[PDB]
Structure formats: structure tokens, C-alpha cells
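Quick setup: the C-alpha cells below cover two forms of a single protein chain, split into structure 1 and structure 2.
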Structure 1
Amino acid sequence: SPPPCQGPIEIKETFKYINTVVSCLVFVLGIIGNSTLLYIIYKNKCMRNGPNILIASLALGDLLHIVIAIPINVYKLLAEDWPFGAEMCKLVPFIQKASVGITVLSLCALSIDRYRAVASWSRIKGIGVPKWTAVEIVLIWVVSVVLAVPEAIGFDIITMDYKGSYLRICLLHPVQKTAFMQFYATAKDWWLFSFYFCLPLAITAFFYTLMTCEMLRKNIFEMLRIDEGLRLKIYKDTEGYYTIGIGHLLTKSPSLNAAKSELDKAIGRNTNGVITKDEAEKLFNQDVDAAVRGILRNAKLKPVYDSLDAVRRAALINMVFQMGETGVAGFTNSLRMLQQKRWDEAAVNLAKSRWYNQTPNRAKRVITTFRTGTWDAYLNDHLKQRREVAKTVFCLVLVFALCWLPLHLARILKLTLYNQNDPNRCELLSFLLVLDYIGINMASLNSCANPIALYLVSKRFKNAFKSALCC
């Protein structure tokens, strides 16, 4: 039997003041933001697509979480009591974990949907809400609800005499009745850390990484499409040679039939000299892989290519597409400047070349890419859209991680540091109370923060919030 403590368990009033001000701000701001987000999505037929319906599910989860988590924990902090009976003792943490499930599974679903939007070539572009997304969301909600059931079984009101005074305490009571519930009581906080924090962080980081890798390939395609054109019919390049797609040389033979037979071989069907954009994109991706393999077999180009970031690598591939491996190797001083990361110097030197004199528009764009390491010289609607999708996913995931980490660390610290035999353990318990109430406020700040992140990252949402709130 554990000894009593030598010191008190208490929460200082100054902390109660600060924490309650934060709670009220998160509550008011979170209800307004997520309600306005939902109204934006419902009111505008232009806002009802795959991802925004998933965002609607996230926003509903935000509202559910804020309403179930903040008021009851403000009350516990100030009243230090439980007047609501056993049924509410079970229902509140049940609904609370259901709403966390909806939040994290909706975030996961959004990261997968945004990846699919970049990677799928057969996805029909348009305003529709796919059949599967409707069942996707129902499953998210059913699963979130089922996974929260142990909270409703395990929580209950117990009574104790504590140094004279009778207390009624709502908690996940020790001594659960079945083997499963006993295990849940001991593992719950590792379960929440694993399934509701680590696992969605791993899933969204994985799909975000797949998505940004794919966006890099799309950007190289768009860059060379701007500089060399996408030609779906066989044409003759500046030297007279039959070519197709994005500068894909078919043959140097003067026979159009010979070019057609090569084309049919590379595509695997009878094209009669005409291919689809998807076919040209696959051809282009192979041409890029081949150009890269050649760059890495070239002792003058490999050191430079290795040292460059992914964007500047694309500019180098761009020059190799235009003038071949041997021509690019001729820029000896410019390649050295690039390898030493003297961007502005390399940019001024490249503009003094015969290459710039012959194709100045293209060279200016490639040089801007070398100078800045950005895609700015190739900005079009597809690039603006990709930047925004990337920033949306990154920001939602990062704010999730930062907001929810404190509450998990609070529960893990108790698991790892609390020694029930220590007569001084109530100083740790008093500290954990502070971390816990902070953790609740930070977790609810996530629900409050999601509408704000969309406002700042998405021009479409920014203007939608303006119409709904500033008018």
C-alpha cells in the first residue's frame, strides 16, 4: 500500500486564470472558424469536390472535439468536481476519442487524396464528389466510433475517503472487469500515442513524400513542355529529324515510314504518327531517366549534377535536352560556378554564351532557375496549384504534430516517471496536472487552427472566408 504524500496535490490559481483565458479563446475562435469553413463548403457548389468534403469531415471533427473537450475541462479545472453522473462520465471521453479518430483519419484521408490527385492520370478532372469518398467518410466515422468504445466501458464513478473527505471521482477506474479492459487500462496511453499520433504522422508524411516526389516529375515535364513544346504528331526538329512528344527524336532517317515504325515500337500500338499526352509523358520520363544516366556517366557533368538541388538539377537536364551532353559540358567555368554555388555569378556568365544569344527566352528561364533554385520562370496555373496543395498538406500535418505532442508527452511522463511508493510523488503529480491542462488546450488549438491554416495557405479559402466574414 502506497504511503501518503508529504506534500499537496494542487493547481495554482494563477495557472487557472491563464489556462481558462486560453480555453475561451480556442473555444470561441475554433467554433467560428470551423463553422465558417463548413458554411463555405456547403454554400458554394464550386467548393464541393473530393478534398473539400474530406476537409468538411475534418471541420466537423474539429467542432465535435472542441465542444466535447473544452467546456468539461474548463469546468473540472475551476469546480474540481463531477456533478454529471456516471452516464456522462462514460459518454464524454467516448465522444472525445471518437472526434480525435475522425480528425486523424480525415487528415490521413486528405493526404492520400492529394497524392492520388497528382499521381493518377485517369482521374477525371471536375467538380464531382466521387462515389467512393461518401463511403470513405462513413467508414472513417464508424471506425472512429468503434475504437472509442473502451472509453465508455472503462470510465465510471468511484468513491473514496481521502484524508477525511468523501470524493466522487470520474476516471478510467483501476480494476477493470474483463481481461481485455484490464489490458486497455494499462496500455491506453501507448495505444493513443501509437494509433492516434505516430501512425497518422507516419502515414501523412509518407503520402506527402510520395506526392512531392511526384510533383517534382510533373514540374520537369511542365518546364520542358514550356521550353520545347508538347507535340503529339510527328514533326521535324530544327535539323530536319523526325521527332515527337517533348523533343523525342525518333530517327535521323529521311523516311517518315521509318519514323512511324520506331514510334509504333516505342508505344506498342499502331499510332500512324500520333500519340496521346499520357504516351508523350511516359516517353518524356524515360528520356529524363536516360539523360540522368548519361549525366552520371559523364565525368565533367556528374560532380556538378550531384552537388545541385532537385530544381537546379532540372535546369541542367533542360540544357542537356536542348544541346546534348557534349554541348553542356562545354560550359566549363559556368559548371564550376554552379558546383561552388555561386548562383549570381554563374547566371551572369551563362548569359554571355552563344546559347543565350541563339535562344534568349529559353536561356533566361533556365538561368533564373539556376540563379534562384525556384520554378518561378515556369509559373503557370498547374504550378500555382501544386505549390498550394503541397503547402496545405505540409501545414496541416505540422500543426497537428505540434499541437498534439504536449498531451501525449504528459501522459507518457506519468507512465514513465510516476513511482507510487515515493512520499514526495505529489510534486510530480502537481506538475503533471499543469502539463495535462496545457495539453488539452494545445490539442483543441489544432481543431481551432485548421481553418486558419487553410485561410493562409489557400487563395480560394482565403477569399471564401472574406465573403463569409468581412461582409
Structure 2
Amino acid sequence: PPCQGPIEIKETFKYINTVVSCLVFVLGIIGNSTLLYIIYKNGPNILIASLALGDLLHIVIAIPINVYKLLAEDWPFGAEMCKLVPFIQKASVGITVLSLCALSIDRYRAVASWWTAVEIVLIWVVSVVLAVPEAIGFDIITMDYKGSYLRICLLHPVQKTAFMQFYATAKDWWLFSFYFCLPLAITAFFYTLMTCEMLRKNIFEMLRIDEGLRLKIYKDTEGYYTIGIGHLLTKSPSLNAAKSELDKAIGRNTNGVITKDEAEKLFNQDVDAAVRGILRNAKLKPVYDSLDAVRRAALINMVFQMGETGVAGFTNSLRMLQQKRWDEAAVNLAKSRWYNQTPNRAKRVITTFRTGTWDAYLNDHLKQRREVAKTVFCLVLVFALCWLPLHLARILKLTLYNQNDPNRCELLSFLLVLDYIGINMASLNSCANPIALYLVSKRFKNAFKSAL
């Protein structure tokens, strides 16, 4: 029951925090305002625009009122402001985390493809509704503490509803799981799906160059009837048997000629089969496992051309690839019958093993658009590091604080500083979204520099 003195907020920390707050404020105001002007002048545009609105709203609602409450240590306004400021704050936070998830999913759907403004209204409606409990639980109370008479605006311990009484006690867990863990989980999930989708896209362009793509049944360089991307339909010399097997292969024959999308589906079947056969092979699985995503596709390319058995014959080269001896395996593969028979395909594949990149196949325009989206996902990394100090502070208050442990005043003193730091970090994220997007997108960088 005794105490140490939790007025805390050393007069020295008040200067540092309020200077950091002013820097983040104007830079966040300027940064998000000029971002909105670029969007309103020139799909992903509106999602970034909604994010900047949530950023701008979060800056103006969460920075000044906490700067005042730090220096003045008082709530001068009425009960409406006590119920309005937290309500607007949790609405802007919801808009921000939902815009990021809608933005990440948008990048996944943009790559997997081979009702946007509706989500905005859905985001803002859901963000407001989920923030409503803040406008009901907050209220103004007074007390005679120490030698003064204070007027406090807080989340009331007593509520007129069993649901609100639960929200008053478990608010920080609801914020930590929904406004932090859930976006991190959703984003990391669709980022993983996007990279796996970009990988099966590159292996398509890779094989399309080395094997070609034909929408009608054709005869191969060896002389066998083939369609799609090197999809063997039959090894029989009868052209009539090829048409019969082709119609039996698809299940819905358009007389023997297909489109681009049908061949892509056929191609993905063969890649899945090639991956399964490699994993079932005791010679190929250990080498395939040690390889990166790029060199995995180079091995799948060889399995596409020579089958699992033929690739397994490169005993010396496979061991070199497993031991990451790229140049030694390149020289060894060049001495093969495979290199002599198909030099163009072999030289590109060998180069891919040698350099570990897609440089021999993909064009630079596609290479640039991919690296933008993949790196632009760093907005969630900044989101995770900026909102962690504030969330960690509220978690520690629900974990370490015990009324019966008398040295707790030293703890509340520490939490006051961590709370005002976390409120600056969470606002710096709204301030860093234009800075990070400017430094990353390159296109946005030239649009930013066009101002001044």
C-alpha cells in the first residue's frame, strides 16, 4: 500500500519527448499531405491514399493531446472530448492496419492473376464500429489524491454492461491480437503466397524460353508430338493417336487447339509432378533441398527436359551444386552430352546455377515491378517495430503491476515514459509511410522530388 512517488515524468524527459513529438508531427503532416496531393493529381493508388488519410488522422488526433497531457498534466475539456479523442484514435488505427492488409492482398492478387473502393467503405465502417467501445467506456472521474483534487479522463473501471466490463479489463489484449498480431499474420501469409506465386511465374517464363509455347499440337526437336510447354502427350508415331490422347488429356477438347491460360494450367501440373518426382528420388532430393528458389527452378528445368532419371546421372555436378561449388559445377556441366545437344538451353541453365539469378530469362521491367511490391512490404516491418513499444507497455501494465507490491510506483513511473515513447513510435510509423514509400518505389521518388 505505501509508495515511492510516481509523478515520474522527469522534467528532462518532458523536453526530449515533446521535441521528438514536434519533429514527428510536422514531418508526418508534411509527409502524408504531399503524398495525398500526388494521388489526387496523377488500384494501389487509392489503398495508399486511404492509408495516408489514416496516417494524417492519427497524427492530428494522437500527438497534440498527448503533448498537452504531458506538459499540463490535466484534462481541461469536457466528457465529450474524453469519449471522442480515444474513439477517433482507435478508428484511425483500424483504418491504418486494414489499409495495410488490403494493400498486401492487392499485391498478391495482382501477381496471382494469370470492388476496390468497396473495401475502402468496408474498412472505414469496420474501423469505426470496432472503435465504438472506446467512446462508451471512457468517462471523467475526480478524486482527492495526496494534497490535490484531480479530474481524470480514463477508461472507467465500472461499466453499465457486462460486455463493456469485459472490454475495460481485456482491452489491451484485444488491441494486441487484432491491431498487431492479426495484421502481421495476414500480411506475412499473403507475402508468402505472393513470393510462391512470383516463383511459379518466373519458372513459366524460364521454360517458355528454353522449351517454347505452342497452342496447337506440334512435333518436337527429338521428333515427338508435344503441346503447351514441353508437355509430352504420347510417344507414339501416329498423329491420330496424338489427337486422341490430347483430347483425353484435357477433358474438354477444343478440337486440338488451346489458349494461353489452358497451357499455363497444364504447365503447373507438370511442375508439381516434377517437384514430386525430385522429392521421391533419393539422388535428387538432398541436392534440391540445399538449393535456393532460383537454382531449384534450374534443376526443375533439367528434369523437364531429361526426366528425373536422366538428371540423376549428373552425379559429379549434383554433388558440386549441393556443396555450393557454382563455378566448378558450371564447368563440369559444359562437358556433357546435354550441353552439346542443346547449347542455348544449357548455357542459360548453367548461367542460372552459376549466378543464382533470373538474369538470363526475365526482362528488367518485370524485374523492377516485382522488387517494388516485395520490398514495399517493409511497411509492415516498420509497422511491427513502431507499434511494439506501445503494445509492450500496456502488456507490462497488465502483467507486472500488483497493487499489493509496494515498489510498484517505480514501475508506474517507468510505464509513463514507455507510454509516451510508444505513442511517438506509433506516430512515427504514420510519419514514415511516405518516407519509406518514397525511398522504395523509385517512381514515387521522382514524383516526390518534382515538388521541391
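Take the two forms, find the largest set of C-alpha atoms that superpose within 1.5 Å, and that set is the rigid core. For residue numbers, the reference is structure 1: its sequence is counted from 1.
Choose, among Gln182, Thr159, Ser194, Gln340, the residue with a C-alpha displacement of 2 Å or more between structures 1 and 2 when the rigid core is used for superposition.
-> Per the superposition, the moving residue is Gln340.
Aligning on the rigid core, do we see the C-alpha of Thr372 shift 2 angstroms or more between structures 1 and 2?
-> Shift at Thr372: 2 Å or more after core fit.
With both forms fitted on the core, give yes or no for whether the Cα of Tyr235 moves by 2 angstroms or more between structures 1 and 2.
-> Shift at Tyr235: 2 Å or more after core fit.
Verify the C-alpha shift of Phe394 between structures 1 and 2: is it 2 Å or more after superposing the core?
-> Comparing the forms between structures 1 and 2, which are aligned on their rigid core, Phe394 does shift its C-alpha by 2 Å or more.
Superpose on the rigid core and then read off how far the CA of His382 has moved between structures 1 and 2, in Å.
-> Its alpha carbon moves by 4.0 Å.
Cα shift between structures 1 and 2 at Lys459, which is computed once both forms share a superposed rigid core (Å) = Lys459 is displaced by 1.1 Å at its C-alpha.
Upon rigid core superposition, what is the positional shift of the Cα of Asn361 between structures 1 and 2, expressed in Å to one decimal?
-> Its C-alpha shift, to one decimal, is 7.7 Å.
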